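Throughout, protein chains are lettered first and strands after them, A, B, ... in sequence-line order, and every chain is numbered starting at 1.
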Amino acid sequence: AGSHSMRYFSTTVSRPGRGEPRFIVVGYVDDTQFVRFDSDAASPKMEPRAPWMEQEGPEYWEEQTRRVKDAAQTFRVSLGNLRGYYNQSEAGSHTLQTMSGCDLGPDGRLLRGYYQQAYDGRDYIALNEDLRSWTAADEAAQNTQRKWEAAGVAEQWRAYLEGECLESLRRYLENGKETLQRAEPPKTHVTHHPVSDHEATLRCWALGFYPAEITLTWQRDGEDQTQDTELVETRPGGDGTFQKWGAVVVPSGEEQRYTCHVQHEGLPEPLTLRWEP
Amino acid sequence: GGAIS
Amino acid sequence: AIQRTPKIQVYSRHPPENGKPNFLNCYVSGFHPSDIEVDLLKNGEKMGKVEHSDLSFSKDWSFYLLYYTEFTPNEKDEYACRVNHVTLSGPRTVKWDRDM
Ligand SMILES: *C(=O)CCCCCCCCCCCCC
Ligand SMILES: [Cl-]
Ligand SMILES: [Zn+2]
Ligand SMILES: [Zn+2]
Ligand SMILES: [Zn+2]
Ligand SMILES: [Zn+2]
């Protein structure tokens, strides 16, 4: 594909009276998970979660583990500071989430770099697209913004996101190319289930596709039936692929007025389906 | 990295 | 703090056929905070050998998890996923619909 992404998603969750906050990190290339870390594991280390990662040598895993353990400590201290900023009790559990990563564009350059944090499920602070400034989501976060501006934190992220982030992504894309670079088109079909003598559910299926981005719409007389379509969230097959369906309930006598349209980057051109008894 | 909030 | 209620989908990896080995999936998404309880049920009873994905989250910071286990569907057996989360009045149970 012309563009690719790498992301790390970390979750830190405090548990007052029950030890250190738990720390979980997962990394993704596009929609494929490739590593994990869990501080509650027997002997916490960064671990592969895609087979093409297993060829990285031990020094790779040692450095990633060092960096994650570093982050874990930073984020535990951060949880303490944030409970201060927010005047909160030491008795309650709180959650710090971070996202970071890079999009590689077809010109081989950084399409966009990211670093953002959330506290208890809400935006807290984000690195702006320019990789030189911050958006604080509230007054508490302005504490952080001020500290980070003074410490030149943005420039450190800019260097990472334009350099090592992209270099790493390029390497993973090469090491995993046979699966990461293969867009698998959805297998599609329509099912039909009478709900009465007079109406039926037409369900449009898309199965086994990669990546997860897809558009599935029902149309009648060339117009989207979005407000009559039940559309489920795109969901994992469990085998690295994704699934989705969309359904409409229609009068039996007008079943052939309905067509399902599917768009996927793995498709030469959009598909058009219909109920075919 | 080391950037505490 | 925000709270969001879990969405739940129960489904098989491959189209189900009686007597053929498959995978039973319960995909739980859009929830916050992250603590959550998920059980796969066979005829009302908890299945063993249930695995789950590593905790991740979406653009809106809401979490998602896939719970899954091997199964061989037959007409006699009923399957379901039961989810408990702080945002719920009580556990939500979603039956597997094998004919979609
Ligand atoms: C400080 O906030 C630590 C953030 C980690 C920067 C990414 C370094 C590259 C290795 C991936 C580790 C991801 C840990 C969340
Ligand atoms: Cl740790
Ligand atoms: Zn590509
Ligand atoms: Zn070493
Ligand atoms: Zn049916
Ligand atoms: Zn577990």
Side-chain angles (χ1 to χ4, degrees), chain A residues 7-15 22-28 31 33 35-38 41 47 49 86 88 92-99 116-124 187 189 191 193 201 203-205 207-208 230 232-245 247, chain C residues 1-17 21-36 38 40 47 49-71 81 83 85-87 94 96-100:
Chain A
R7 299 280 188 278
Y8 287 86
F9 303 115
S10 80
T11 305
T12 308
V13 182
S14 64
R15 42 190 167 195
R22 188 189 184 172
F23 187 54
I24 296 166
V25 191
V26 295
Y28 281 85
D31 297 315
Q33 195 190 337
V35 288
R36 74 168 175 204
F37 174 97
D38 184 348
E47 292 180 325
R49 294 287 280 155
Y86 287 108
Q88 287 170 334
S93 175
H94 296 278
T95 299
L96 176 66
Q97 291 161 271
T98 74
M99 182 273 284
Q116 332 192 340
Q117 289 187 348
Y119 182 65
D120 288 338
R122 312 200 143 265
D123 286 350
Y124 182 75
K187 289 150 206 54
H189 71 284
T191 57
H193 317 288
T201 303
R203 186 166 287 107
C204 185
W205 284 90
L207 297 169
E230 183 181 9
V232 299
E233 207 169 62
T234 305
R235 65 197 197 189
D239 60 355
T241 72
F242 295 87
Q243 307 180 352
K244 196 184 193 65
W245 62 249
Chain C
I2 58 93
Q3 298 181 305
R4 328 208 246 301
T5 58
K7 295 175 185 168
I8 300 156
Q9 297 192 63
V10 191
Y11 58 101
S12 55
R13 172 177 304 176
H14 309 288
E17 302 184 341
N22 205 329
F23 285 85
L24 179 65
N25 292 337
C26 182
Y27 182 58
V28 184
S29 62
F31 60 95
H32 213 289
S34 54
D35 277 354
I36 195 162
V38 179
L40 287 187
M47 306 179 63
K49 294 177 180 177
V50 180
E51 293 186 276
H52 60 81
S53 57
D54 305 320
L55 188 74
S56 190
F57 50 85
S58 307
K59 187 193 175 67
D60 63 2
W61 303 105
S62 64
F63 299 101
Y64 59 86
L65 289 168
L66 171 72
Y67 283 74
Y68 59 95
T69 189
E70 310 179 325
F71 83 126
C81 181
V83 177
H85 189 259
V86 61
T87 64
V94 175
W96 179 48
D97 185 345
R98 78 197 65 197
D99 186 35
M100 324 203 72

Counting heavy-atom pairs under 4.5 Å to chain C, which of [options] comes out on top?
| options | answer |
| --- | --- |
| A:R36, A:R7, A:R203, A:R235 | A:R235 |
| A:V13, A:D123, A:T241 | A:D123 |
| A:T11, A:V25, A:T95 | A:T11 |

If every non-hydrogen atom of A:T191 is compared with every non-hydrogen atom of C:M100, which pair is closest and at what distance?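 Reported closest heavy-atom pair: OG1-O, 2.6 Å.
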Starting at [atom1] of [X], measure out to [atom2] of [Y] and round the result to the nearest 0.5 Å.
| X | Y | atom1 | atom2 | result |
| --- | --- | --- | --- | --- |
| C:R13 | A:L207 | CZ | CG | 13.0 Å |
| C:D54 | A:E47 | CG | CD | 8.5 Å |
| C:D35 | A:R22 | CG | CZ | 8.5 Å |

Check: [Y] and [X] side chains under 4.5 Å, non-hydrogen atoms:
| X | Y | answer |
| --- | --- | --- |
| C:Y64 | A:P236 | no |
| A:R122 | C:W61 | no |
| A:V232 | C:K7 | no |
| A:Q243 | C:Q9 | no |

For [X], which atoms come within 4.5 Å of any heavy atom of chain C: side chain, backbone, both, or neither?
| X | value |
| --- | --- |
| A:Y119 | neither |
| A:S93 | neither |
| A:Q33 | side chain |
| A:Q88 | neither |

Counting only non-hydrogen atoms closer than 4.5 Å, does [X] touch chain A with its backbone (N, CA, C, O), its side chain (CB onward), both, or neither?
| X | answer |
| --- | --- |
| C:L66 | side chain |
| C:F57 | both |
| C:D99 | both |

Test C:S29 against A:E233 for side-chain hydrogen bond (donor to acceptor under 3.5 Å, both in side chains), laying out the working first. CA-CA 9 Å; C:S29 62; A:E233 207 169 62; 2.5 Å; yes
